[PDB]
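Structure first, commentary second.
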Amino acid sequence: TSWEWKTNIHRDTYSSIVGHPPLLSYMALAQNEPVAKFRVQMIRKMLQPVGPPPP
Amino acid sequence: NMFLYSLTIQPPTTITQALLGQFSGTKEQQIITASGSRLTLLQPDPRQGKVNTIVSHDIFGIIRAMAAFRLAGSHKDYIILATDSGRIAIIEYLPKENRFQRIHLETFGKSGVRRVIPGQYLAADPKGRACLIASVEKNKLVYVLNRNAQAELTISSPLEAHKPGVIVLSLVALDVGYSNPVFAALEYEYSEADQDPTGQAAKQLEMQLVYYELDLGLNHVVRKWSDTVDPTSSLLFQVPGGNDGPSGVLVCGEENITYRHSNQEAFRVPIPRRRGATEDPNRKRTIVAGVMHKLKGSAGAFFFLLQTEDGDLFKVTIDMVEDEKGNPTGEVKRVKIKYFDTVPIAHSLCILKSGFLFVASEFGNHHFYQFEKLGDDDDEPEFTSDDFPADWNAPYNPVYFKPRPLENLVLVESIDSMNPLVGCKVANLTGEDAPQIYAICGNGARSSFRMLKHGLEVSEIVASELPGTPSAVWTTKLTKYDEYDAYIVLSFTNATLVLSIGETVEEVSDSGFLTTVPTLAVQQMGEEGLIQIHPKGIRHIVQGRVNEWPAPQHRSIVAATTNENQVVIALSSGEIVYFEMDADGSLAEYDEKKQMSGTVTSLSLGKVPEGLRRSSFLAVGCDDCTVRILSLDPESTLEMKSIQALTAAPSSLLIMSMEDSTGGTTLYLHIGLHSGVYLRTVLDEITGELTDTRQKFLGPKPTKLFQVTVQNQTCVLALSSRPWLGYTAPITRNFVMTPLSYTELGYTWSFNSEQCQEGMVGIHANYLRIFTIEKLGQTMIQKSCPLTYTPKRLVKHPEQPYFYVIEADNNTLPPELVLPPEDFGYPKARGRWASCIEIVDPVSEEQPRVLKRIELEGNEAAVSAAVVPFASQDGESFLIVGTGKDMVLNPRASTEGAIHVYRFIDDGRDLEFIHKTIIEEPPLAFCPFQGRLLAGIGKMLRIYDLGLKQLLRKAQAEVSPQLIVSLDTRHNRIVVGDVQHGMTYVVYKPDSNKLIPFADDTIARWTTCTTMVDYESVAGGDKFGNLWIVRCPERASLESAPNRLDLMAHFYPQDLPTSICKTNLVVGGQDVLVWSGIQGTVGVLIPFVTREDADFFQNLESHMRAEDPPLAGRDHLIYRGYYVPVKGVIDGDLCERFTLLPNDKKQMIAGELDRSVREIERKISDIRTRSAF
Ligand SMILES: [Ca+2]
Ligand SMILES: [Ca+2]
Ligand SMILES: [Ca+2]
Ligand SMILES: [Ca+2]
């Protein structure tokens, strides 16, 4: 659907990953990275998760 | 229509946040921790160097943030909780009641963890004047906290500070002294990035530090100040303000620390890089956690402890310009970083005023350290803002440091944490009655293999030979004012031995030739004298002068119970003789004796109730399977008060008053049956009738009862095949019987001495022992051994007591090809894997041990494992390992997968590598299927057989929509767990050699673990914290995409399930579902026996939902049905909070449920102890 729709779905997903400590610990442990660093990666991804908008 | 009861065997042991505060109101400091949904209050002990848990409380919500604040002119901190309730809750701890109580609860939004609803961030003004709660985007709310005329807390309505497009990475409150409160935030706006169609406006971040000033006068909030900071900035920290320092925040980003306040210049310092040979040079690092501490007795005198992503702790300080004299000014000059010490990576760090550091590890055990601090003071290089460039883009030269063992800190306690719990299995590797729970957890070199055993931990002080097998023991004081009881007595089938305090003992008084049935010193407040009753008389000993009660009839003494002021004996004829005490002389025998229909098998007199002359009741058990209560009052002596019939002959009796769940002592009669049964009844204290019977089965041996004292609490010690301790739990306040992790005992008695107090003495098989149960409450004992890398799976040898763990640390080079990795971490390297197999022997020795390690190579990592028997090999079981090469998780990257095959040698104590067979993608799931191997590779379900040089395909098909993560099977049915699309039921057609999928899941489920409970249904969990059970419809089950599975149960434990299995936890044999959670939970789902029990616990759960709502304002039914509504499961964690209520609530619920309070208690305890523990 619209680029906006996909963008919102992804931003909601990243927000949820940062929000639920168990999931965040799971993913960060899988990557063997500190939980805070993974949290920062996820929050940073919210800028443009997918491609740039259409013109 | 309910059928499952959810209970918690082990609560989560993670700590996503720990906070320091004077929560008790005293000047002492306490620690508040968030463990998933548990709010826990801990008391550090500076003398013992340990930390003890004061209380824990299930929020029935998600604890996302915590803040502490103090009211003006008060010494007590309150706790603000930011959770998923959509509400802000402010709670207080009550030391008199040892419970949490919330003092404010106000709704500000809808429930859940959502993007635009605050809860993610929470900060509080240091002076306690206001607080700010915020979401990731974009809402912020400020609540003003004030003090009313009543001196109570008052909360204003929130003040909005929203701004669309704003993403927050960090939020801390500024210490502006008593100026207008200011909150600092790291923010970036995405509004521009959405407007640039191609090109960007992205791949770049315009991070700003923003100040939100709260004007208390005008009661509004405004973006007062802001500026651009380092785009890599991720953390903020509060620097002291007002007189204690210049207000501001350390901004922390990639190799960048900055003071960066509004009325000050910028001051940049870099992060030193490790100088190790394995350590990659020119590798930048960031900060993960940090603490600020202000030292007492001095202005300023503040430092920072900041932690790198490797776990290295650097001390940061601030130096300000001096005047003409030697005094500071408000202007800041430099920022000094100095290497401090390396500790595990932590979610929170806390510096106690008593000179300790509490480290809440993000993974693995938690750490408690004591400061020193010896460096040597300038042994470590120090680096300042002189003259590193305040500009982040400006060039500069890197700086290095050499890590080294602890100098400033000393470890004083390691705190058991099963976080992260990768998996567990339930199995019985010993002859013990209860299976054990084996679990793999930890991360890195701090990982661990742990075994949990249901029992109480007891420490044996001495042991000795006798050598003849004694049949009884006692300890007794010559005098009623001796704190240390003098004597220890033993009894054999034809003799008696007497000991005492000290190193060795022998005889001075007492009759040593004949067997002795009891020993007590009758006269409290009358120093002289013990009694030794034996067959054929009662010897009274007083300062060496001896006067004995003759038998004297042809009959002999067959049983006897003794009390301080009273003595009761039972003869072979069935007559009962009662002795009370005058001003001098224990021979005040009653003129009359009481005849019994049969032979007396047990007697219990009960201690003397203080403030009274004598115990009013006597318990008499007979061989006619009856227990009677006879009166001992003077007016109606030896008249029968009550009687009860029993399932078997009573072998033991013990009258004892214990603390009850309602805050006052109660008089109970413990009964021990000749069949191994233990009962506890209530003695009415007036009419002497017995009510509210509790039962339990302890073992085949006849149960015996004794009274001991543990932790200043009077407890019952029941001896059966095992020793069980019945006590009132200190925190949860219910009545528990837990077995001892100790040898079978035939006799025990309370023991005292100068060396140990409130200990115990017991005998078994030519041995005497002295032990004490130092601390109770923890019903699960845990033995552990370290592992090499972060575990992934756990499999058991099919016949021998051995385990095999596959382990894989991502983004780590093989340690090779001087610093202990558990203390400093393996050397990190991007894209490189470190993996290994380890064989674990958990039972053969006192502690689990790793027998052998098998290191992998070739950038190859283990991801799955199974023990599979092959028909082609006459049924021999082999070890199957799945691996991947050059694995990158996001996005998933396939160089190649592989399946190693190993063979069991030396009964499973070692492995022989057979052959390795390469495949397309890493195989995430294995499963034994009809004498051959089942593997899941990609979306591919594949059957292999064992060949001479490779595994050989025999059939395959695509079954799952995106990726296989789990497999299980019964008969011709295979159940396939997809990484995202839930379950898929496949059937195997032998004549056609086809794998046909015939059922799939309705909704998406990010499966993490599965098991088959029967042929038709599968129980599993998903990564969003759900447990569920799906089932194949009966119409589609006869078919041996097209059909949809039915949903049979669903439940939100909140913790992420990592493993699940169907097993039996108790000899009683009720099949249960045991599961484990990433945060440390070990839980059970228990099926109800009858519809009546299901109804009782459903209605009990409703009333507990009304009278004990979740602390943080959640709705319990909505919480347990976070994603999809609750189906089939009753939350027993809530039900078990019934014991915590005030008595009026208990009586109300007892009214609505039409059962007595003691009955509700008994059913709650019963459902747990019968089917699990
Ligand atoms: Ca009472
Ligand atoms: Ca090691
Ligand atoms: Ca590939
Ligand atoms: Ca209470």
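Since every read-out is calculated from the coordinates, none of them should be taken as a lab result. Cβ placement follows ideal geometry from the backbone for every residue including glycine, while neighbour counts extend to all protein chains displayed.
Treating only the Cβ atoms of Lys and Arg (+1) and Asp and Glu (-1) as charged, compute the dipole magnitude of the protein assembly as shown about its Cα centre; round to the nearest 20 debye.
Result for the protein assembly as shown is approximately 2760 debye, rounded to the nearest 20.
Between B:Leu466 and B:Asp623, what is the FRET efficiency for a Förster distance of 30 Å, r being their Cβ-Cβ separation, to the nearest 0.05?
With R0 = 30 Å, the Cβ-Cβ based efficiency is 0.45.
Where the only charges are on Cβ atoms (+1 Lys, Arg; -1 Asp, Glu), what is the dipole of the stretch B:456-778 about its Cα centre, to the nearest 20 debye?
The dipole of the stretch B:456-778 has a size of about 980 debye.
Just in the stretch B:455-516: which chymotrypsin sites (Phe, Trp or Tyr not before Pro) are loop by DSSP and have at most 10 other Cβ atoms within 10 Å?
Sites meeting the loop and neighbour criteria: B:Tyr481, B:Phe513.
Measuring from a point 7 Å past the Cα of B:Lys701 along Cα-to-C-beta, which residues in the stretch B:747-791 have an amide N at less than 16 Å?
B:747-749, B:761-771
Could you compute Rg(Cα) / (2.2 N^0.38 Å) for the stretch B:275-414, with N its residue count?
Rg over 2.2 N^0.38 Å, computed on Cα atoms: 1.14.
Can you bin the protein assembly as shown into rounded, prolate or oblate? Criterion: square roots of the alpha carbon gyration tensor eigenvalues sorted a ≥ b ≥ c, rounded for a/c under 1.5, prolate for a/b above b/c, oblate for the rest.
Taking the square roots of the gyration eigenvalues as a ≥ b ≥ c, the protein assembly as shown is prolate.
Please check which bits of the stretch B:874-903 a label hung off A:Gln31 would reach, taking the label as a point 7 Å along Cα-to-C-beta and the cut-off as backbone N under 17 Å.
What the label zone holds, given the 17 Å backbone N cut-off, is B:887-893.
Over all alpha-carbon pairs of the stretch B:704-783, lay out the pair-distance distribution in 5 Å bins, whole %, shortest bin first.
P(r) over the stretch B:704-783, rounded to whole percents: 3, 14, 27, 26, 18, 9, 1, 0.
Mind checking the dipole of the stretch B:14-418: about its Cα centre, +1 per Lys or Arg Cβ, -1 per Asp or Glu Cβ, Debye to the nearest 20?
Its charge dipole is roughly 1260 debye.
Just how far, in whole angstrom, is the stretch B:807-845 from the stretch B:1035-1050 if you go by their alpha carbon centroids?
44 Å
Which ordering of B:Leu216, B:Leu951, B:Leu941 is given by a fewest-first count of other beta-carbon atoms within 10 Å?
Listing B:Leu216, B:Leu951, B:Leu941 from fewest to most nearby Cβ atoms yields B:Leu216, B:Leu951, B:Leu941.
Give the relative contact order (percent, whole number) for chain A; include only Cα pairs under 8 Å separated by 6+ residues.
Over chain A, the number comes to 48 percent.
According to the Kirkwood expression over distinct Cα-Cα pairs, how big is the hydrodynamic radius of the stretch B:497-645, in Å?
After inverting the mean inverse Cα-Cα distance, the result is 16.1 Å.
Considering just Cα atoms, how many Å³ per residue does the convex hull of the stretch B:14-418 enclose?
Each residue corresponds to 172 Å³ of Cα convex hull volume.
How many partner chain Cβ atoms sit within 10 Å of a residue's Cβ in peptide A:39-49, on average, as a whole number?
6
As I understand it, the dipole of the stretch B:649-748 uses +1 on the Cβ of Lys and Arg and -1 on the Cβ of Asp and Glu, about the Cα centre. Which of B:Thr665, B:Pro723, B:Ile686 lies farthest toward its positive end?
After comparing all options, I get B:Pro723.
Would you be so kind as to identify which of B:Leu819, B:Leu934, B:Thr1081 lies farthest towards the positive end of the dipole of the protein assembly as shown, taking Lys and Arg as +1 and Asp and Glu as -1 on Cβ and the Cα centre as origin?
It is B:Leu934, whose Cα lies furthest towards the positive end.
Rounded, prolate or oblate: which one fits the stretch B:456-778, using the alpha carbon gyration tensor with axes a ≥ b ≥ c (rounded when a/c is under 1.5, else prolate when a/b beats b/c, else oblate)?
It is rounded, given that a/c, with a ≥ b ≥ c, falls under 1.5.
Could you tell me which of the pairs B:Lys828/B:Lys949; A:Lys37/B:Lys27; B:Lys140/B:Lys224; B:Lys127/B:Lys294 are separated by over 26 angstrom between their Cα atoms in the structure shown?
B:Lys828/B:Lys949; A:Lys37/B:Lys27
For helix A:35-44, report the angle its Cα long axis makes with the longest principal axis of the Cα atoms of chain A; keep it between 0 and 90° and round to the nearest 10°.
Approximately 10 degrees, to the nearest ten.
In deg cm²/dmol, rounded to 500, what helix-only [θ] at 222 nm does chain B give when every DSSP H run of at least 4 residues adds -39500 (n - 2.57) and the total is split over its residues?
The per-residue figure over chain B is -1500 deg cm²/dmol.
Out of the stretch B:268-353, which trypsin sites (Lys or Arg not before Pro) are coil in DSSP terms and have no more than 12 other C-beta atoms within 10 Å?
B:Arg275, B:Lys296, B:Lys325
Taking one equal scatterer on every alpha-carbon of chain B, how large is log10 of I(q)/I(0) by Debye at q = 0.04, 0.06, 0.07, 0.08 1/Å?
-0.28, -0.61, -0.82, -1.03
If you filter the stretch B:839-917 for GluC sites (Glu not before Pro), then keep DSSP loop positions with at most 11 other Cβ within 10 Å, what is left?
Of the GluC sites (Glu not before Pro), the ones in loops of the stretch B:839-917 whose Cβ has at most 11 other Cβ atoms within 10 Å are B:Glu845, B:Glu846, B:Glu857.
What per residue convex hull volume, in Å³, do the alpha-carbon atoms of chain A yield?
Dividing the Cα hull volume of chain A by its residue count gives 75 Å³.
Once the dipole of chain A is set up with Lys and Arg at +1 and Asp and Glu at -1 on Cβ about the Cα centre, which of A:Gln48, A:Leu23, A:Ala36 lies farthest towards its positive end?
A:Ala36
Using 7 Å Cα-to-Cβ label points, what is the B:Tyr400/B:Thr53 separation (nm, one decimal)?
It works out to 4.6 nm between the two label points.
What is the spin-label model distance, in nm, from B:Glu1159 to B:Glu483 if the labels are put 7 Å beyond Cα along the C-beta direction?
If labels sit at B:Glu1159 and B:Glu483, their model points lie 4.8 nm apart.
Taking other Cβ within 10 Å of each residue's Cβ, how do B:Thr728, B:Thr665 sort, fewest first?
B:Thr665, B:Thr728
Please report B:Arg1120, B:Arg404, B:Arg70 as a ranked list, fewest other C-beta atoms within 10 angstrom at the top and most at the bottom.
The order, fewest Cβ neighbours first, is B:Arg404, B:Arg70, B:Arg1120.
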